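Dumped entry.txt below, it's compact mmCIF, N, CA and C atoms and all ligand atoms:
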```txt
# COMPACT_ATOMS: atom_id res chain seq x y z
N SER U 1 212.62 272.81 89.33
CA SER U 1 214.07 272.45 89.40
C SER U 1 214.67 272.99 90.70
N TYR U 2 213.88 273.76 91.45
CA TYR U 2 214.29 274.41 92.73
C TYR U 2 213.65 273.64 93.90
N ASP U 3 213.38 272.34 93.70
CA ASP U 3 212.83 271.47 94.80
C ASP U 3 213.95 271.12 95.78
N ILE U 4 213.89 271.69 96.99
CA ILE U 4 214.87 271.51 98.10
C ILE U 4 214.90 270.05 98.56
N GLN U 5 213.78 269.32 98.42
CA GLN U 5 213.63 267.92 98.96
C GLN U 5 213.91 266.84 97.91
N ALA U 6 214.17 267.20 96.62
CA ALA U 6 214.21 266.20 95.53
C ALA U 6 215.41 265.23 95.70
N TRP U 7 216.49 265.67 96.34
CA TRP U 7 217.71 264.85 96.48
C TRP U 7 217.37 263.51 97.11
N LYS U 8 216.38 263.43 97.98
CA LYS U 8 216.22 262.22 98.80
C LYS U 8 215.79 261.04 97.93
N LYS U 9 214.75 261.20 97.13
CA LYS U 9 214.34 260.14 96.18
C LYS U 9 215.42 259.89 95.11
N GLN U 10 216.14 260.93 94.70
CA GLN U 10 217.24 260.75 93.71
C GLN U 10 218.31 259.84 94.31
N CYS U 11 218.62 260.04 95.58
CA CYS U 11 219.60 259.17 96.27
C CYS U 11 219.05 257.76 96.52
N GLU U 12 217.77 257.60 96.82
CA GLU U 12 217.14 256.25 96.92
C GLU U 12 217.28 255.51 95.57
N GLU U 13 217.05 256.17 94.45
CA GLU U 13 217.14 255.50 93.15
C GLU U 13 218.59 255.16 92.86
N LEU U 14 219.53 256.06 93.16
CA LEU U 14 220.96 255.74 92.89
C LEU U 14 221.42 254.56 93.75
N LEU U 15 221.00 254.49 95.02
CA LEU U 15 221.31 253.32 95.86
C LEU U 15 220.69 252.05 95.29
N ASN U 16 219.50 252.10 94.75
CA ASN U 16 218.91 250.91 94.08
C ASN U 16 219.83 250.46 92.93
N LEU U 17 220.29 251.37 92.09
CA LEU U 17 221.21 251.06 90.96
C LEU U 17 222.48 250.42 91.53
N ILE U 18 223.03 250.96 92.64
CA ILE U 18 224.29 250.44 93.21
C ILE U 18 224.05 249.00 93.70
N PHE U 19 222.91 248.72 94.31
CA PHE U 19 222.55 247.34 94.77
C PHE U 19 222.31 246.41 93.57
N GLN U 20 222.10 246.88 92.34
CA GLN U 20 222.00 245.97 91.15
C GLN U 20 223.37 245.68 90.52
N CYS U 21 224.38 246.47 90.88
CA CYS U 21 225.78 246.32 90.39
C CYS U 21 226.43 245.13 91.10
N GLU U 22 226.99 244.18 90.34
CA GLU U 22 227.78 243.09 90.96
C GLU U 22 228.98 243.66 91.76
N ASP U 23 229.53 244.76 91.29
CA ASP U 23 230.69 245.39 91.98
C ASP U 23 230.35 245.86 93.40
N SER U 24 229.08 246.04 93.76
CA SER U 24 228.74 246.46 95.15
C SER U 24 228.72 245.34 96.18
N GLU U 25 228.72 244.06 95.78
CA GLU U 25 228.38 242.99 96.76
C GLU U 25 229.26 243.06 98.02
N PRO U 26 230.60 243.29 97.95
CA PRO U 26 231.44 243.34 99.16
C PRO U 26 231.14 244.50 100.12
N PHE U 27 230.37 245.49 99.63
CA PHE U 27 230.13 246.78 100.32
C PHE U 27 228.67 246.89 100.76
N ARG U 28 227.92 245.78 100.83
CA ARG U 28 226.48 245.82 101.17
C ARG U 28 226.26 245.49 102.64
N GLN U 29 227.28 245.00 103.36
CA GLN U 29 227.15 244.50 104.75
C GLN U 29 228.51 244.59 105.44
N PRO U 30 228.54 244.50 106.79
CA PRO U 30 229.80 244.58 107.55
C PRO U 30 230.79 243.44 107.29
N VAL U 31 232.06 243.72 107.61
CA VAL U 31 233.20 242.76 107.51
C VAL U 31 233.13 241.78 108.69
N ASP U 32 233.17 240.47 108.40
CA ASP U 32 233.22 239.38 109.41
C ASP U 32 234.65 239.31 109.93
N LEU U 33 234.87 239.49 111.24
CA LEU U 33 236.25 239.56 111.81
C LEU U 33 236.87 238.16 111.86
N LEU U 34 236.09 237.08 111.75
CA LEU U 34 236.67 235.71 111.64
C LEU U 34 237.36 235.56 110.29
N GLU U 35 236.84 236.22 109.24
CA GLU U 35 237.41 236.17 107.87
C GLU U 35 238.57 237.17 107.72
N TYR U 36 238.47 238.34 108.35
CA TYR U 36 239.44 239.47 108.27
C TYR U 36 239.78 239.93 109.69
N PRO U 37 240.64 239.18 110.42
CA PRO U 37 240.80 239.43 111.85
C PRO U 37 241.43 240.78 112.22
N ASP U 38 242.13 241.41 111.27
CA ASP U 38 242.84 242.69 111.51
C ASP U 38 242.00 243.88 111.02
N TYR U 39 240.76 243.67 110.58
CA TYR U 39 240.04 244.74 109.83
C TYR U 39 239.92 245.99 110.72
N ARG U 40 239.50 245.82 111.98
CA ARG U 40 239.24 246.97 112.88
C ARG U 40 240.54 247.51 113.50
N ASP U 41 241.69 246.84 113.31
CA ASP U 41 243.02 247.42 113.65
C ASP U 41 243.28 248.61 112.71
N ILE U 42 242.85 248.49 111.45
CA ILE U 42 243.18 249.44 110.34
C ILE U 42 242.05 250.47 110.18
N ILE U 43 240.80 250.04 110.29
CA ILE U 43 239.60 250.84 109.92
C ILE U 43 238.91 251.31 111.21
N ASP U 44 239.00 252.61 111.49
CA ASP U 44 238.38 253.21 112.71
C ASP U 44 236.85 253.31 112.59
N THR U 45 236.33 253.62 111.38
CA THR U 45 234.90 253.91 111.18
C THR U 45 234.36 253.09 110.00
N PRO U 46 233.84 251.88 110.24
CA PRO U 46 233.27 251.04 109.18
C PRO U 46 232.08 251.75 108.56
N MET U 47 231.85 251.47 107.28
CA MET U 47 230.66 252.00 106.56
C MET U 47 230.33 251.04 105.42
N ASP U 48 229.03 250.85 105.15
CA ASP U 48 228.53 249.99 104.03
C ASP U 48 227.25 250.60 103.47
N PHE U 49 226.81 250.11 102.29
CA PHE U 49 225.64 250.69 101.59
C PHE U 49 224.32 250.39 102.31
N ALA U 50 224.21 249.30 103.08
CA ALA U 50 222.99 249.07 103.87
C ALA U 50 222.85 250.12 104.99
N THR U 51 223.95 250.49 105.64
CA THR U 51 223.96 251.55 106.67
C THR U 51 223.57 252.89 106.02
N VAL U 52 224.11 253.19 104.83
CA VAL U 52 223.75 254.46 104.14
C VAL U 52 222.24 254.48 103.83
N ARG U 53 221.69 253.40 103.25
CA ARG U 53 220.25 253.31 102.93
C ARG U 53 219.38 253.46 104.19
N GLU U 54 219.73 252.80 105.28
CA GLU U 54 218.96 252.86 106.55
C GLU U 54 219.02 254.27 107.13
N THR U 55 220.17 254.95 107.08
CA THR U 55 220.32 256.33 107.59
C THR U 55 219.41 257.28 106.78
N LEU U 56 219.42 257.13 105.45
CA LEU U 56 218.55 257.91 104.55
C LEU U 56 217.06 257.69 104.88
N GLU U 57 216.63 256.43 104.95
CA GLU U 57 215.19 256.09 105.18
C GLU U 57 214.76 256.49 106.61
N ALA U 58 215.66 256.51 107.58
CA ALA U 58 215.35 256.99 108.96
C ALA U 58 215.11 258.52 109.00
N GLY U 59 215.43 259.28 107.92
CA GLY U 59 215.43 260.74 108.00
C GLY U 59 216.58 261.26 108.80
N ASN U 60 217.78 260.64 108.71
CA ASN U 60 218.94 261.07 109.53
C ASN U 60 220.08 261.65 108.65
N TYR U 61 219.80 261.90 107.37
CA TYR U 61 220.62 262.83 106.55
C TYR U 61 219.84 264.14 106.36
N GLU U 62 220.54 265.27 106.54
CA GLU U 62 219.95 266.61 106.28
C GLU U 62 220.18 267.03 104.82
N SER U 63 221.19 266.50 104.12
CA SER U 63 221.58 266.99 102.78
C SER U 63 222.24 265.84 102.04
N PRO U 64 222.31 265.93 100.70
CA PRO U 64 223.02 264.90 99.94
C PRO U 64 224.54 264.98 100.19
N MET U 65 225.07 266.11 100.65
CA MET U 65 226.51 266.18 100.97
C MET U 65 226.85 265.20 102.09
N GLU U 66 225.97 265.09 103.10
CA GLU U 66 226.22 264.17 104.23
C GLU U 66 226.20 262.71 103.72
N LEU U 67 225.24 262.34 102.87
CA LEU U 67 225.22 260.98 102.30
C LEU U 67 226.52 260.73 101.50
N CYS U 68 226.93 261.71 100.69
CA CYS U 68 228.14 261.61 99.84
C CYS U 68 229.37 261.37 100.75
N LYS U 69 229.48 262.02 101.92
CA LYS U 69 230.62 261.81 102.82
C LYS U 69 230.64 260.34 103.28
N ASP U 70 229.52 259.74 103.65
CA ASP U 70 229.47 258.33 104.10
C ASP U 70 229.78 257.37 102.92
N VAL U 71 229.31 257.65 101.71
CA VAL U 71 229.62 256.74 100.58
C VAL U 71 231.12 256.82 100.29
N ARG U 72 231.68 258.05 100.32
CA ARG U 72 233.11 258.19 100.06
C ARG U 72 233.95 257.48 101.13
N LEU U 73 233.45 257.36 102.35
CA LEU U 73 234.11 256.61 103.44
C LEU U 73 234.14 255.10 103.11
N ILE U 74 233.08 254.55 102.50
CA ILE U 74 233.14 253.14 102.05
C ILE U 74 234.39 252.96 101.18
N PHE U 75 234.60 253.86 100.23
CA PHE U 75 235.69 253.72 99.23
C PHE U 75 237.06 254.00 99.87
N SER U 76 237.17 255.00 100.76
CA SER U 76 238.48 255.25 101.39
C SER U 76 238.83 254.10 102.34
N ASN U 77 237.85 253.48 103.01
CA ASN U 77 238.13 252.29 103.85
C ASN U 77 238.71 251.17 102.98
N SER U 78 238.13 250.91 101.80
CA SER U 78 238.63 249.85 100.92
C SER U 78 240.07 250.14 100.51
N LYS U 79 240.40 251.37 100.16
CA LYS U 79 241.77 251.76 99.76
C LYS U 79 242.75 251.64 100.95
N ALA U 80 242.31 251.94 102.17
CA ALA U 80 243.17 251.82 103.34
C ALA U 80 243.38 250.35 103.70
N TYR U 81 242.38 249.49 103.54
CA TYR U 81 242.49 248.07 103.98
C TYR U 81 243.20 247.20 102.94
N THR U 82 243.22 247.57 101.67
CA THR U 82 243.68 246.65 100.63
C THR U 82 245.20 246.40 100.76
N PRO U 83 245.68 245.14 100.64
CA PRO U 83 247.12 244.88 100.68
C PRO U 83 247.83 245.17 99.35
N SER U 84 247.09 245.49 98.28
CA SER U 84 247.63 245.76 96.94
C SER U 84 246.61 246.58 96.14
N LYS U 85 247.10 247.43 95.25
CA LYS U 85 246.22 248.33 94.48
C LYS U 85 245.68 247.58 93.26
N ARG U 86 246.00 246.28 93.10
CA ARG U 86 245.45 245.42 92.00
C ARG U 86 244.46 244.37 92.55
N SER U 87 244.16 244.37 93.84
CA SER U 87 243.29 243.34 94.48
C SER U 87 241.90 243.31 93.84
N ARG U 88 241.23 242.15 93.88
CA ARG U 88 239.85 242.00 93.35
C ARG U 88 238.93 243.03 94.00
N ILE U 89 238.80 242.99 95.32
CA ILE U 89 237.77 243.81 96.03
C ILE U 89 238.11 245.30 95.90
N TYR U 90 239.38 245.71 96.00
CA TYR U 90 239.72 247.14 95.79
C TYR U 90 239.38 247.53 94.35
N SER U 91 239.66 246.68 93.36
CA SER U 91 239.38 246.99 91.93
C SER U 91 237.87 247.23 91.73
N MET U 92 237.03 246.44 92.39
CA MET U 92 235.55 246.60 92.37
C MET U 92 235.19 247.97 92.98
N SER U 93 235.86 248.36 94.08
CA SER U 93 235.58 249.65 94.75
C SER U 93 235.86 250.81 93.76
N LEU U 94 236.92 250.74 92.96
CA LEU U 94 237.26 251.88 92.08
C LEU U 94 236.22 252.01 90.97
N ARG U 95 235.73 250.89 90.41
CA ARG U 95 234.70 250.99 89.36
C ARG U 95 233.41 251.54 89.97
N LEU U 96 233.04 251.06 91.16
CA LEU U 96 231.78 251.51 91.79
C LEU U 96 231.87 252.99 92.17
N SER U 97 233.04 253.45 92.61
CA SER U 97 233.26 254.87 92.96
C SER U 97 233.08 255.73 91.71
N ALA U 98 233.62 255.35 90.56
CA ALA U 98 233.46 256.13 89.31
C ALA U 98 232.00 256.22 88.92
N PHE U 99 231.24 255.12 89.05
CA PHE U 99 229.80 255.12 88.74
C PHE U 99 229.06 256.06 89.71
N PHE U 100 229.35 255.95 91.02
CA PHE U 100 228.70 256.82 92.03
C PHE U 100 228.98 258.31 91.73
N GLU U 101 230.23 258.69 91.49
CA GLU U 101 230.59 260.11 91.28
C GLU U 101 229.95 260.64 90.01
N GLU U 102 229.78 259.80 88.98
CA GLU U 102 229.14 260.23 87.71
C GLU U 102 227.70 260.59 87.98
N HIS U 103 227.02 259.84 88.82
CA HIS U 103 225.57 260.01 89.10
C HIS U 103 225.27 261.03 90.22
N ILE U 104 226.14 261.19 91.22
CA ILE U 104 225.85 262.09 92.37
C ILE U 104 226.07 263.56 92.01
N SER U 105 226.85 263.86 90.97
CA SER U 105 227.22 265.26 90.63
C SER U 105 225.97 266.10 90.36
N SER U 106 224.98 265.61 89.59
CA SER U 106 223.76 266.40 89.29
C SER U 106 222.90 266.54 90.55
N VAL U 107 222.86 265.50 91.38
CA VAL U 107 222.09 265.54 92.65
C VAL U 107 222.62 266.68 93.53
N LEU U 108 223.93 266.79 93.69
CA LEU U 108 224.53 267.86 94.52
C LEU U 108 224.31 269.24 93.89
N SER U 109 224.54 269.36 92.58
CA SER U 109 224.38 270.66 91.86
C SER U 109 222.93 271.14 92.02
N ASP U 110 221.96 270.25 91.79
CA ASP U 110 220.54 270.67 91.82
C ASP U 110 220.17 271.08 93.24
N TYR U 111 220.63 270.36 94.25
CA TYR U 111 220.33 270.69 95.66
C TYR U 111 220.89 272.07 95.99
N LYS U 112 222.15 272.30 95.67
CA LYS U 112 222.81 273.58 96.06
C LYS U 112 222.13 274.75 95.33
N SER U 113 221.77 274.55 94.07
CA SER U 113 221.02 275.54 93.25
C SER U 113 219.68 275.86 93.93
N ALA U 114 218.97 274.82 94.38
CA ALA U 114 217.65 274.98 95.03
C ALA U 114 217.79 275.79 96.31
N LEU U 115 218.80 275.54 97.15
CA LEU U 115 218.98 276.33 98.39
C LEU U 115 219.34 277.77 98.03
N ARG U 116 220.16 277.98 97.00
CA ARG U 116 220.50 279.36 96.63
C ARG U 116 219.21 280.08 96.20
N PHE U 117 218.33 279.44 95.41
CA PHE U 117 217.08 280.09 95.00
C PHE U 117 216.23 280.41 96.23
N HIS U 118 216.16 279.49 97.17
CA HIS U 118 215.39 279.71 98.43
C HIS U 118 215.84 280.98 99.17
N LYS U 119 217.13 281.33 99.12
CA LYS U 119 217.72 282.52 99.80
C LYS U 119 217.93 283.70 98.84
N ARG U 120 217.33 283.70 97.66
CA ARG U 120 217.69 284.65 96.57
C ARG U 120 217.46 286.10 97.01
N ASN U 121 216.44 286.35 97.84
CA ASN U 121 216.10 287.72 98.31
C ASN U 121 215.86 287.70 99.82
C1 LIG U 201 229.56 241.64 101.84
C2 LIG U 201 230.46 241.54 102.62
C3 LIG U 201 231.57 241.67 103.56
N1 LIG U 201 232.60 242.60 103.10
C4 LIG U 201 233.89 242.29 103.30
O1 LIG U 201 234.18 241.21 103.84
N2 LIG U 201 234.86 243.12 102.81
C5 LIG U 201 234.60 244.44 102.22
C6 LIG U 201 235.59 245.48 102.72
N3 LIG U 201 236.95 245.01 102.46
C7 LIG U 201 237.77 245.65 101.59
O2 LIG U 201 237.48 246.79 101.23
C8 LIG U 201 238.96 245.04 100.98
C9 LIG U 201 239.97 245.60 100.26
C10 LIG U 201 240.85 244.55 99.89
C11 LIG U 201 240.31 243.41 100.40
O3 LIG U 201 239.15 243.69 101.07
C12 LIG U 201 237.21 243.78 103.20
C13 LIG U 201 236.26 242.69 102.74
```

Would you mind writing the structure in this file as structure tokens?
Amino acid sequence: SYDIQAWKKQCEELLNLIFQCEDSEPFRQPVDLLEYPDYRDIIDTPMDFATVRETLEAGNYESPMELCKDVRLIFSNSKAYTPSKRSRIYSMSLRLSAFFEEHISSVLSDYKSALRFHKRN
């Protein structure tokens, strides 16, 4: 239970689950500026689940906290871009965020516990 490296496969499996959710489809790829011409006026740092998966598989996350910051940026971008808090795509983002936070909590707890055990003495 003190495996320092276990978070990585746990996050690969959670991303697989997110890619099976219909609620993820708007968040799997970048925004087309012909469809949303003002998107980059509002959003300084775009983020999507394909970018998160590629960053993970490249070995360019050091911890699950860093992955969690990028996933949370997908959801804050949707809340900043939405013209209404009842919109279809924003409503999908809130359900997907609740599912992600329910599943990532044990991944973060186990990782932090494992590093504390590594430094115990
Ligand atoms: C697949 C794919 C391409 N995604 C895409 O076009 N969008 C996702 C991001 N976005 C929003 O979060 C949002 C909130 C309210 C309306 O859109 C704009 C639309």

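Between residue 23 in chain U and the candidates U:47, U:7, U:96, U:68, the tightest atom-to-atom separation, counting all atoms listed in the file, involves U:96.
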
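Excluding residue 90 in chain U itself and same-chain residues fewer than 2 positions from it, the residues having an atom within 12 Å of it are residues 23, 24, 26, 27, 74, 75, 76, 77, 78, 79, 80, 81, 82, 83, 84, 85, 86, 87, 88, 92, 93, 94, 95, 96 and 97 of chain U, counting only C-alpha atoms.
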
Please write the residues from the selection above to a file, keeping N, CA and C atoms, as a CSV table (one decimal), in the coordinates of the input.
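File produced: result_26.csv:
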```
chain,number,residue,atom,x,y,z
U,23,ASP,N,229.5,244.8,91.3
U,23,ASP,CA,230.7,245.4,92.0
U,23,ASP,C,230.4,245.9,93.4
U,24,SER,N,229.1,246.0,93.8
U,24,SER,CA,228.7,246.5,95.2
U,24,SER,C,228.7,245.3,96.2
U,26,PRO,N,230.6,243.3,98.0
U,26,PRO,CA,231.4,243.3,99.2
U,26,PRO,C,231.1,244.5,100.1
U,27,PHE,N,230.4,245.5,99.6
U,27,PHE,CA,230.1,246.8,100.3
U,27,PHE,C,228.7,246.9,100.8
U,74,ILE,N,233.1,254.6,102.5
U,74,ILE,CA,233.1,253.1,102.0
U,74,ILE,C,234.4,253.0,101.2
U,75,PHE,N,234.6,253.9,100.2
U,75,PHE,CA,235.7,253.7,99.2
U,75,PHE,C,237.1,254.0,99.9
U,76,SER,N,237.2,255.0,100.8
U,76,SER,CA,238.5,255.2,101.4
U,76,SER,C,238.8,254.1,102.3
U,77,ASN,N,237.8,253.5,103.0
U,77,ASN,CA,238.1,252.3,103.8
U,77,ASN,C,238.7,251.2,103.0
U,78,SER,N,238.1,250.9,101.8
U,78,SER,CA,238.6,249.8,100.9
U,78,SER,C,240.1,250.1,100.5
U,79,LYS,N,240.4,251.4,100.2
U,79,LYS,CA,241.8,251.8,99.8
U,79,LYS,C,242.8,251.6,101.0
U,80,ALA,N,242.3,251.9,102.2
U,80,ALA,CA,243.2,251.8,103.3
U,80,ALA,C,243.4,250.4,103.7
U,81,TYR,N,242.4,249.5,103.5
U,81,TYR,CA,242.5,248.1,104.0
U,81,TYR,C,243.2,247.2,102.9
U,82,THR,N,243.2,247.6,101.7
U,82,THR,CA,243.7,246.6,100.6
U,82,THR,C,245.2,246.4,100.8
U,83,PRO,N,245.7,245.1,100.6
U,83,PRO,CA,247.1,244.9,100.7
U,83,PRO,C,247.8,245.2,99.4
U,84,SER,N,247.1,245.5,98.3
U,84,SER,CA,247.6,245.8,96.9
U,84,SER,C,246.6,246.6,96.1
U,85,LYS,N,247.1,247.4,95.2
U,85,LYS,CA,246.2,248.3,94.5
U,85,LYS,C,245.7,247.6,93.3
U,86,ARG,N,246.0,246.3,93.1
U,86,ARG,CA,245.4,245.4,92.0
U,86,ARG,C,244.5,244.4,92.6
U,87,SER,N,244.2,244.4,93.8
U,87,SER,CA,243.3,243.3,94.5
U,87,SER,C,241.9,243.3,93.8
U,88,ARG,N,241.2,242.2,93.9
U,88,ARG,CA,239.8,242.0,93.4
U,88,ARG,C,238.9,243.0,94.0
U,92,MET,N,237.0,246.4,92.4
U,92,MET,CA,235.6,246.6,92.4
U,92,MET,C,235.2,248.0,93.0
U,93,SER,N,235.9,248.4,94.1
U,93,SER,CA,235.6,249.6,94.8
U,93,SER,C,235.9,250.8,93.8
U,94,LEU,N,236.9,250.7,93.0
U,94,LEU,CA,237.3,251.9,92.1
U,94,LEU,C,236.2,252.0,91.0
U,95,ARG,N,235.7,250.9,90.4
U,95,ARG,CA,234.7,251.0,89.4
U,95,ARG,C,233.4,251.5,90.0
U,96,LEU,N,233.0,251.1,91.2
U,96,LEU,CA,231.8,251.5,91.8
U,96,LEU,C,231.9,253.0,92.2
U,97,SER,N,233.0,253.4,92.6
U,97,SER,CA,233.3,254.9,93.0
U,97,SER,C,233.1,255.7,91.7
```

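Between atom N of residue 39 in chain U and atom N of residue 65 in chain U the separation is 29.1 Å.
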
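Note that the spacing between CA of residue 103 in chain U and atom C6 of ligand LIG 201 (chain U) amounts to 22.3 Å.
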
- Task: One decimal, Å: what's the distance from atom N of residue 58 in chain U over to atom N of residue 8 in chain U, could you say?
- Result: 11.9 Å

- Message: Could you pull out the alpha helix (DSSP H) residues of range 4-97 of chain U, going by DSSP on the backbone, and write them as number ranges by chain?
- Response: U: 7-20, 39-42, 49-57, 64-81, 88-97

Please, what is the axis-aligned box for every listed atom of range 16-32 of chain U with 8 Å on each side, as centre and edge lengths in Å to one decimal, as AutoDock Vina command-line options?
```
--center_x 226.8 --center_y 245.7 --center_z 100.1 --size_x 31.7 --size_y 28.8 --size_z 35.6
```

- Within 10 Å of residue 11 in chain U using only C-alpha atoms, minus same-chain residues under 4 positions, as an MDAnalysis selection string: chainID U and resid 6:7 15:17 53 56 64 67:68 103:104 107

- Pick out the closest residue to ligand LIG 201 (chain U) from this set: U:105, U:91, U:20, U:45. Count only N, CA and C atoms and all ligand atoms. U:91

- Task: Mind checking which residues fall within 6.5 Å of residue 111 in chain U, counting only N, CA and C atoms, ignoring those fewer than 3 positions away in the same chain, and posting them as number ranges by chain?
- Result: U: 3-4, 7, 106-108, 114-116

Dump as a PDB file, in the coordinates of the input, selection limited to N, CA and C atoms:
```pdb
ATOM      1  N   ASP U   3     213.380 272.340  93.700  1.00  0.00           N
ATOM      2  CA  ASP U   3     212.830 271.470  94.800  1.00  0.00           C
ATOM      3  C   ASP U   3     213.950 271.120  95.780  1.00  0.00           C
ATOM      4  N   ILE U   4     213.890 271.690  96.990  1.00  0.00           N
ATOM      5  CA  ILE U   4     214.870 271.510  98.100  1.00  0.00           C
ATOM      6  C   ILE U   4     214.900 270.050  98.560  1.00  0.00           C
ATOM      7  N   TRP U   7     216.490 265.670  96.340  1.00  0.00           N
ATOM      8  CA  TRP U   7     217.710 264.850  96.480  1.00  0.00           C
ATOM      9  C   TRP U   7     217.370 263.510  97.110  1.00  0.00           C
ATOM     10  N   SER U 106     224.980 265.610  89.590  1.00  0.00           N
ATOM     11  CA  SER U 106     223.760 266.400  89.290  1.00  0.00           C
ATOM     12  C   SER U 106     222.900 266.540  90.550  1.00  0.00           C
ATOM     13  N   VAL U 107     222.860 265.500  91.380  1.00  0.00           N
ATOM     14  CA  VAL U 107     222.090 265.540  92.650  1.00  0.00           C
ATOM     15  C   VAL U 107     222.620 266.680  93.530  1.00  0.00           C
ATOM     16  N   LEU U 108     223.930 266.790  93.690  1.00  0.00           N
ATOM     17  CA  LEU U 108     224.530 267.860  94.520  1.00  0.00           C
ATOM     18  C   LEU U 108     224.310 269.240  93.890  1.00  0.00           C
ATOM     19  N   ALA U 114     218.970 274.820  94.380  1.00  0.00           N
ATOM     20  CA  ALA U 114     217.650 274.980  95.030  1.00  0.00           C
ATOM     21  C   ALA U 114     217.790 275.790  96.310  1.00  0.00           C
ATOM     22  N   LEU U 115     218.800 275.540  97.150  1.00  0.00           N
ATOM     23  CA  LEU U 115     218.980 276.330  98.390  1.00  0.00           C
ATOM     24  C   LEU U 115     219.340 277.770  98.030  1.00  0.00           C
ATOM     25  N   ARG U 116     220.160 277.980  97.000  1.00  0.00           N
ATOM     26  CA  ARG U 116     220.500 279.360  96.630  1.00  0.00           C
ATOM     27  C   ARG U 116     219.210 280.080  96.200  1.00  0.00           C
TER      28      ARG U 116
END
```

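For the residues U:99, U:61, U:117, U:49, ranking by smallest atom-to-atom distance to ligand LIG 201 (chain U) using only C-alpha atoms and all ligand atoms places U:49 first.
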
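Of the listed residues U:46, U:10, U:57, U:72, the one whose atoms come nearest to residue 98 in chain U is U:72, with distances taken using only C-alpha atoms.
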
- Pick the closest to residue 14 in chain U from U:35, U:60, U:119, U:100: which is it, counting all atoms listed in the file? U:100

Assuming the input is short of atoms at range 96-109 of chain U, produce N, CA, C and O atoms for that part as an mmCIF file, keeping the file's coordinate frame.
```
data_model
loop_
_atom_site.group_PDB
_atom_site.id
_atom_site.type_symbol
_atom_site.label_atom_id
_atom_site.label_comp_id
_atom_site.auth_asym_id
_atom_site.auth_seq_id
_atom_site.Cartn_x
_atom_site.Cartn_y
_atom_site.Cartn_z
ATOM 1 N N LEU U 96 233.040 251.060 91.160
ATOM 2 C CA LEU U 96 231.780 251.510 91.790
ATOM 3 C C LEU U 96 231.870 252.990 92.170
ATOM 4 O O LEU U 96 230.858 253.723 92.016
ATOM 5 N N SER U 97 233.040 253.450 92.610
ATOM 6 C CA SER U 97 233.260 254.870 92.960
ATOM 7 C C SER U 97 233.080 255.730 91.710
ATOM 8 O O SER U 97 232.410 256.784 91.786
ATOM 9 N N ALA U 98 233.620 255.350 90.560
ATOM 10 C CA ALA U 98 233.460 256.130 89.310
ATOM 11 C C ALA U 98 232.000 256.220 88.920
ATOM 12 O O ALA U 98 231.496 257.300 88.520
ATOM 13 N N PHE U 99 231.240 255.120 89.050
ATOM 14 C CA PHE U 99 229.800 255.120 88.740
ATOM 15 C C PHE U 99 229.060 256.060 89.710
ATOM 16 O O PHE U 99 228.215 256.880 89.307
ATOM 17 N N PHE U 100 229.350 255.950 91.020
ATOM 18 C CA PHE U 100 228.700 256.820 92.030
ATOM 19 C C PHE U 100 228.980 258.310 91.730
ATOM 20 O O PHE U 100 228.043 259.132 91.740
ATOM 21 N N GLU U 101 230.230 258.690 91.490
ATOM 22 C CA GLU U 101 230.590 260.110 91.280
ATOM 23 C C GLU U 101 229.950 260.640 90.010
ATOM 24 O O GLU U 101 229.449 261.785 89.999
ATOM 25 N N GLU U 102 229.780 259.800 88.980
ATOM 26 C CA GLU U 102 229.140 260.230 87.710
ATOM 27 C C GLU U 102 227.700 260.590 87.980
ATOM 28 O O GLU U 102 227.189 261.576 87.383
ATOM 29 N N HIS U 103 227.020 259.840 88.820
ATOM 30 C CA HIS U 103 225.570 260.010 89.100
ATOM 31 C C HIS U 103 225.270 261.030 90.220
ATOM 32 O O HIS U 103 224.203 261.707 90.134
ATOM 33 N N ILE U 104 226.140 261.190 91.220
ATOM 34 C CA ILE U 104 225.850 262.090 92.370
ATOM 35 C C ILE U 104 226.070 263.560 92.010
ATOM 36 O O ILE U 104 225.495 264.447 92.648
ATOM 37 N N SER U 105 226.850 263.860 90.970
ATOM 38 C CA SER U 105 227.220 265.260 90.630
ATOM 39 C C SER U 105 225.970 266.100 90.360
ATOM 40 O O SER U 105 225.891 267.212 90.909
ATOM 41 N N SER U 106 224.980 265.610 89.590
ATOM 42 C CA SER U 106 223.760 266.400 89.290
ATOM 43 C C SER U 106 222.900 266.540 90.550
ATOM 44 O O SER U 106 222.237 267.573 90.747
ATOM 45 N N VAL U 107 222.860 265.500 91.380
ATOM 46 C CA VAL U 107 222.090 265.540 92.650
ATOM 47 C C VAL U 107 222.620 266.680 93.530
ATOM 48 O O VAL U 107 221.825 267.513 94.066
ATOM 49 N N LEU U 108 223.930 266.790 93.690
ATOM 50 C CA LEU U 108 224.530 267.860 94.520
ATOM 51 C C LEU U 108 224.310 269.240 93.890
ATOM 52 O O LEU U 108 223.924 270.196 94.586
ATOM 53 N N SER U 109 224.540 269.360 92.580
ATOM 54 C CA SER U 109 224.380 270.660 91.860
ATOM 55 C C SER U 109 222.930 271.140 92.020
ATOM 56 O O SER U 109 222.721 272.332 92.330
#
```
